[PDB]
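Taken in order, the sequence shown gives residues 238 to 550, 561 to 756, 759 to 766; the numbers are from the entry's author numbering.
Beta carbons: idealized from backbone N, C-alpha and C, even for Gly.
Here's the structure, in structure tokens; my notes come after.
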Amino acid sequence: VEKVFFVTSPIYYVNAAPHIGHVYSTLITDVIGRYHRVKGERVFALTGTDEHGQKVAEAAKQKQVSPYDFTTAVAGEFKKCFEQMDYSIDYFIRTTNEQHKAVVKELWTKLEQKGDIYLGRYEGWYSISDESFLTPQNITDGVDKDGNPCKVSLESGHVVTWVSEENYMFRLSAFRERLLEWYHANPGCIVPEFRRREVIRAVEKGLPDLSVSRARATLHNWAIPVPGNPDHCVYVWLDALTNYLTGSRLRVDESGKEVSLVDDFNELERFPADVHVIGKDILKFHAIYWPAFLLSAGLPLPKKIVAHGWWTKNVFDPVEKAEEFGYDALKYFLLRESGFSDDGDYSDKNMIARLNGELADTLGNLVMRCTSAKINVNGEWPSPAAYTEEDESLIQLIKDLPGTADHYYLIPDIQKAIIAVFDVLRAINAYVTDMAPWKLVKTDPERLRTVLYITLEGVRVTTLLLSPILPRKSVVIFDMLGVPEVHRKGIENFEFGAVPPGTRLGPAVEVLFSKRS
Ligand code: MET
Numbered sequence: 238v239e240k241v242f243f244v245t246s247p248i249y250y251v252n253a254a255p256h257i258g259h260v261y262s263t264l265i266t267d268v269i270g271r272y273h274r275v276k277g278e279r280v281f282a283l284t285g286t287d288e289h290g291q292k293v294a295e296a297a298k299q300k301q302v303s304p305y306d307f308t309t310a311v312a313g314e315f316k317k318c319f320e321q322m323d324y325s326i327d328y329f330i331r332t333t334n335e336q337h338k339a340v341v342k343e344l345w346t347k348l349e350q351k352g353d354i355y356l357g358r359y360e361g362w363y364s365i366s367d368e369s370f371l372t373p374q375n376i377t378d379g380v381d382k383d384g385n386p387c388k389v390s391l392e393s394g395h396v397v398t399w400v401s402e403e404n405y406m407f408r409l410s411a412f413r414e415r416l417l418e419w420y421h422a423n424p425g426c427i428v429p430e431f432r433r434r435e436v437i438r439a440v441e442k443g444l445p446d447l448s449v450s451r452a453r454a455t456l457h458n459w460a461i462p463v464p465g466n467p468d469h470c471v472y473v474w475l476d477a478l479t480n481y482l483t484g485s486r487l488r489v490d491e492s493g494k495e496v497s498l499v500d501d502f503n504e505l506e507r508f509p510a511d512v513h514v515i516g517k518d519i520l521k522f523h524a525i526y527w528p529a530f531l532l533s534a535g536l537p538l539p540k541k542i543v544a545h546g547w548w549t550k561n562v563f564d565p566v567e568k569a570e571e572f573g574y575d576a577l578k579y580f581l582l583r584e585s586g587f588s589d590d591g592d593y594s595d596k597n598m599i600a601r602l603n604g605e606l607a608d609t610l611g612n613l614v615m616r617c618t619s620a621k622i623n624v625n626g627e628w629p630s631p632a633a634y635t636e637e638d639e640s641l642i643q644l645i646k647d648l649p650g651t652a653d654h655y656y657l658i659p660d661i662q663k664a665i666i667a668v669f670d671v672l673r674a675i676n677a678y679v680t681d682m683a684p685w686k687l688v689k690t691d692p693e694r695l696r697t698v699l700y701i702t703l704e705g706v707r708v709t710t711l712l713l714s715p716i717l718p719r720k721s722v723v724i725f726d727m728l729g730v731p732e733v734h735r736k737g738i739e740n741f742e743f744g745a746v747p748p749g750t751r752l753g754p755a756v759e760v761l762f763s764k765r766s
């Protein structure tokens, strides 16, 4: 099934300013998008803002601004942040958008016509900050912003309150068996695996029905009205989850503005999402509620949900650190340092160790050696002579790398993809040290041709596979190597030997990554 590769980030609450969590989630989305573009596929990458609900309106109230003005301002800060971070996101969605509201109303009506929405009651605990319903087993005692005694969430530590309201209810309990069949039939649908096991255990225990509306006064009228009942508003999470459906149905112009909402999602070939990137804090919403809504509506389910170790909802300003250390270097560090965990060192010391050790010493040094005037005297890609067994061992690593890295990118597991590329870079470095091509200029010119060609080609292939991670630096590297534009993307260029001998190197000026103290 040839379709548009559809990758999403969460849509972020606009109660507060952009921070590292939001930047991190969207970075992962961006990298996955970029890898699939390098591979030659059509890609639609989506990010955005979640603008309705009690928590947004109360934040606007604290600042003494209208919710309309507040959300527009904070949305602008997110947009500016993602422009500065140099992502390649295809559309930035806002839940205040009138086309999004239309889609929410269509979906609501469909669910109602199916008999899956009924009028009932929610009597229980609720976290306003997480916009989440909680059972009594998910609460404990704690303190609020002042220090007085109250109940808090076990998940997040935020304050919980008791709600008693007549509400529209989604019959989530009826979808337990179908959800379990989906999990078992598609064992790669939630990543990483231990988070998949958590979701399955939760659904095995039983599912209550889910309140999908609230009384309008409780949301300070800052929400989408229920179709046919203006006393009620749509639950911010059904509103929010639906952004993925809306985004899949928007025609977007060259400047990034939506120009049209299509009726049928199949027209644009995006839905369902190939990858939903999320933080671990919103797993239940994406792995239980969302597929239940889609099953109810008769819509296709997403292929993968990837849940990272960080939270979504001692300063670490990403734009400040990127100005200090470099944008590509920061992106590299964030993706290299952690897999699916919080355990990981984000200090200036470790940042410098990885910058110096991996980017400067391993990658950078290797790029300078194979392009240097001392070693590469003709300033071109030489034609290789016969290969030794040691040459063939390195060639085999380079040939195997695209297959290996591709599998890791598709999990997706970006940390392992990076590690696999750097294992090959270390092997190329060891080979260059062994062969000592600086001595071979005088002693054995024929042998240097072979050594230099293999080095150039190893640097090209590794750089291609790192281009989703280091998009700006990869362009500089390809320019130094003199790699034509046509050879900078497409699965055809993952093969060893794609750049012919005779190709002239690009002109010299000059540091790729400068080391720090
Ligand atoms: C449909 S993704 C919603 C994410 C949510 N607004 C959050 O910030 O956690």
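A745 sits in coil when the DSSP states are folded into three classes, being neither helix nor strand.
In this structure, the alpha-carbon of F669 lies about 32 Å from that of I519. Looking from the CA of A339, the closest CA among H289, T483, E441 belongs to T483. Under the criterion of beta carbons closer than 8 Å, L711 and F741 qualify as touching, at roughly 7 Å. The straight-line gap separating the alpha-carbon atoms of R451 and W527 is approximately 19 Å. By the Cβ criterion, the stretch 468-487 is in contact with the stretch 327-339, since at least three pairs of Cβ atoms, one from each stretch, lie closer than 8 Å.
With the rule of 3 Cβ pairs closer than 8 Å, the stretch 294-307 does not count as touching the stretch 375-383. Pairing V760 with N603, the inter-Cα distance amounts to about 13 Å.
Boundaries of the beta strand (DSSP E) harbouring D287: 280-287, taken from the DSSP string. Here the stretch 247-261 makes contact with the stretch 312-324; the two share three or more CB pairs at distances below 8 Å. Between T245 and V543, the CB-CB gap reaches or exceeds 8 Å. As the crow flies, the alpha-carbon of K764 is around 47 Å from that of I437. As DSSP reads the structure, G516 sits in a beta bridge with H545.
Taking each of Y481, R279, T455 in turn and checking the Cα distance to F329, the smallest one comes out for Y481.
Secondary structure at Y324: coil, using DSSP grouped into helix, strand and coil. Taking the Cβ of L478 as the reference point, at least one heavy atom of ligand 1 falls within a distance shorter than 7 Å.
Three or more beta-carbon pairs separated by less than 8 Å link the stretch 531-542 to the stretch 406-422, which places the two stretches in contact.
Two segments are said to touch when three or more pairs of C-beta atoms, one from each, lie closer than 8 Å; by this definition the stretch 623-636 touches the stretch 744-751.
Under DSSP, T398 takes part in a beta bridge, and its partners are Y363.
8 Å or more divides the Cβ of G729 from the Cβ of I645. By the neighbour-count criterion, in which a residue is buried when 16 or more other Cβ atoms sit within 10 angstroms of its Cβ, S714 is buried. If you draw a straight line from the Cα of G737 to the Cα of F370, it is about 46 Å long.
About 6 Å separates the beta carbon of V671 from that of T709, a gap short enough to meet the 8 Å contact definition. Contact check for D353 against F407 passes: the beta carbons are separated by less than 8 Å. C387 is classed as exposed because its beta carbon has fewer than 16 other beta carbons within 10 Å across all chains shown. Taking non-hydrogen atoms of ligand 1 into account, the C-beta of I248 is found less than 7 Å away from one of them.
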